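So the structure is just underneath, and the comments pick up after that.
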Amino acid sequence: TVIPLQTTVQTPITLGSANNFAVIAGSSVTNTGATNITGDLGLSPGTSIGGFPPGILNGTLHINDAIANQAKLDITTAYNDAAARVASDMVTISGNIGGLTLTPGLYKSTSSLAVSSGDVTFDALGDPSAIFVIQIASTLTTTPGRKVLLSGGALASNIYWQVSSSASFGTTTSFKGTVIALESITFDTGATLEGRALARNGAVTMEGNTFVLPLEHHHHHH
């Protein structure tokens with residue numbers, strides 16, 4: 001599996017009022033154990049968030065309020081933007097991408113995308129402003145202990161995963177980037193995210209996780 005180097009420069013995907021959220025769900029949120037979120041937590045139009053405590057939110061909880069409701073509209077916009085992007089030099093990838101390095105640009109998976117063996121590296125080739133957009137027609141999953149790694153100055157603020165169904169991250173996965181799923185997102189015990197978990201219509205399920213926003217999350221150039 002050989003990944004070519006794209007020339008088309010992807011623009012950032014505007015997240016609007018979702019930018020200061022670490023986690024957003026649509027139908028419900030369920031947590032088990034000592035999860036910690038540093039960032040805001042949103043739910044709309046659903047009402048039920050379970051498991052805080054023992055989960056801890058270092059941030060503001062927004063349920064069916066002005067900010068959460070706008071954030072749902074804005075994640076729909078972002079999802080549709082991500083899904084509609086096309087470029088003559090975009091790259092098709094699918095299945096297990098463990099062991100691969102992805103350079104900047106646009107990627108499309110017509111089936112499920114996974115990190116099943118080894119780690120996936122995003123390599124910005126010395127340009128921190130680089131953007132990486134991955135379109136996924138099905139699910140996004142990881143086995144236990146998988147990692148999203150950054151090289152060449154790549155930034156978690158600049159990586160986007162558009163997921164047309166649901167995502168599931170195995171125990172102790174260290175994931176990065178903004179995950180925008182149509183349906184649900186699940187993190188198993190001890191998994192972590194530097195990024196955002198933004199579920200449009202389904203649920204976010206957590207167990208003993210650590211969530212933080214991207215380093216310098218309000219910037220894409222550095």
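Chains: A, B, ... in order of the structure tokens. Residues: from 1 per chain. Ligands: from 1, in order shown.
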
Set the distance at 12 Å and use only C-alpha atoms: which residues neighbour residue 205 of chain A once local chain neighbours fewer than 5 positions away are removed? I'd like the list as a JSON list (two decimals) with C-alpha atoms, in the first residue's frame.
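Wrote it out as out-v4.json, contents follow:
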```json
[["chain", "number", "residue", "atom", "x", "y", "z"],
["A", 23, "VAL", "CA", -17.71, 15.85, 23.12],
["A", 24, "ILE", "CA", -21.15, 16.30, 21.54],
["A", 25, "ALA", "CA", -23.92, 13.71, 21.19],
["A", 26, "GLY", "CA", -27.44, 13.62, 19.79],
["A", 27, "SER", "CA", -29.44, 10.91, 21.51],
["A", 28, "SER", "CA", -27.68, 10.35, 24.87],
["A", 29, "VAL", "CA", -24.35, 10.17, 26.67],
["A", 30, "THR", "CA", -23.38, 7.23, 28.86],
["A", 31, "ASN", "CA", -20.25, 7.07, 30.98],
["A", 32, "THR", "CA", -18.72, 4.41, 33.22],
["A", 33, "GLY", "CA", -15.92, 5.12, 35.69],
["A", 35, "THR", "CA", -13.57, 9.60, 32.68],
["A", 48, "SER", "CA", -29.96, 11.84, 29.25],
["A", 49, "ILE", "CA", -26.35, 12.00, 30.37],
["A", 50, "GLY", "CA", -25.41, 9.16, 32.69],
["A", 51, "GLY", "CA", -22.34, 8.58, 34.77],
["A", 55, "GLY", "CA", -17.02, 10.94, 35.34],
["A", 166, "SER", "CA", -20.40, 4.89, 13.92],
["A", 167, "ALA", "CA", -16.94, 4.77, 15.46],
["A", 168, "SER", "CA", -15.57, 2.47, 18.16],
["A", 169, "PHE", "CA", -12.19, 2.89, 19.82],
["A", 183, "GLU", "CA", -24.59, 7.92, 14.37],
["A", 184, "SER", "CA", -22.68, 6.92, 17.52],
["A", 185, "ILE", "CA", -19.15, 7.01, 18.97],
["A", 186, "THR", "CA", -17.88, 4.61, 21.64],
["A", 187, "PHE", "CA", -14.60, 4.73, 23.57],
["A", 188, "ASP", "CA", -13.62, 1.62, 25.53],
["A", 189, "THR", "CA", -11.76, 1.57, 28.84],
["A", 191, "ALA", "CA", -8.86, 5.16, 25.51],
["A", 197, "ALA", "CA", -15.95, 13.28, 19.48],
["A", 198, "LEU", "CA", -18.95, 14.79, 17.68],
["A", 199, "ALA", "CA", -21.89, 12.42, 17.19]]
```

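Taking only C-alpha atoms, the non-local environment of residue 18 of chain A within 10 Å (same-chain residues fewer than 3 positions away omitted) comprises residues 14, 15, 21, 22, 23, 24, 40, 41, 42, 67, 68, 70, 71, 72, 73, 74, 75, 78, 196 and 198 of chain A.
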
Got time to write the residues from that selection, C-alpha atoms, as a short mmCIF file (atom, residue, chain, number, x, y, z; two decimals), in the first residue's frame?
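As a result, selection07.cif now contains:
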```cif
data_model
loop_
_atom_site.label_atom_id
_atom_site.label_comp_id
_atom_site.auth_asym_id
_atom_site.auth_seq_id
_atom_site.Cartn_x
_atom_site.Cartn_y
_atom_site.Cartn_z
CA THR A 14 -15.24 25.10 9.99
CA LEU A 15 -16.77 23.60 13.16
CA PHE A 21 -16.59 21.19 22.72
CA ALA A 22 -14.59 18.05 23.38
CA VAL A 23 -17.71 15.85 23.12
CA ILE A 24 -21.15 16.30 21.54
CA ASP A 40 -17.29 21.45 26.88
CA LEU A 41 -19.85 18.62 26.68
CA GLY A 42 -23.01 18.95 24.58
CA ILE A 67 -25.02 26.73 22.44
CA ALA A 68 -25.72 22.99 22.17
CA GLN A 70 -26.36 25.73 17.47
CA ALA A 71 -23.48 23.27 17.78
CA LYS A 72 -25.67 20.48 16.36
CA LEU A 73 -26.48 22.65 13.34
CA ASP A 74 -22.80 23.47 12.97
CA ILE A 75 -21.65 19.84 13.15
CA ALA A 78 -19.14 20.43 9.06
CA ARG A 196 -13.29 15.99 19.53
CA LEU A 198 -18.95 14.79 17.68
#
```

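Nearest residue to residue 66 of chain A among A:97, A:83, A:6, A:17 is A:17, counting only C-alpha atoms.
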
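Between residue 177 of chain A and the candidates A:195, A:12, A:118, A:190, the tightest atom-to-atom separation, counting only C-alpha atoms, involves A:195.
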
Which residue is closest to residue 174 of chain A? Choose from A:36, A:210, A:201, A:158 and count only C-alpha atoms.
A:210

Give me, please, the distance in Å between atom CA of residue 170 of chain A and atom CA of residue 63 of chain A, quoted to one decimal.
27.2 Å

Test item, strand (DSSP E or B) assignment across segment 180-212 of chain A, answer as a PyMOL selection string
chain A and resi 180-181+185-187+192-199+204-207+210-212

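Taking segment 5-215 of chain A and asking which residues DSSP calls alpha helix (DSSP H) on the backbone, you get residues 66, 67, 68, 69, 70, 71, 72, 73, 74, 75, 76, 77, 78, 79, 80, 81, 82, 83 and 84 of chain A.
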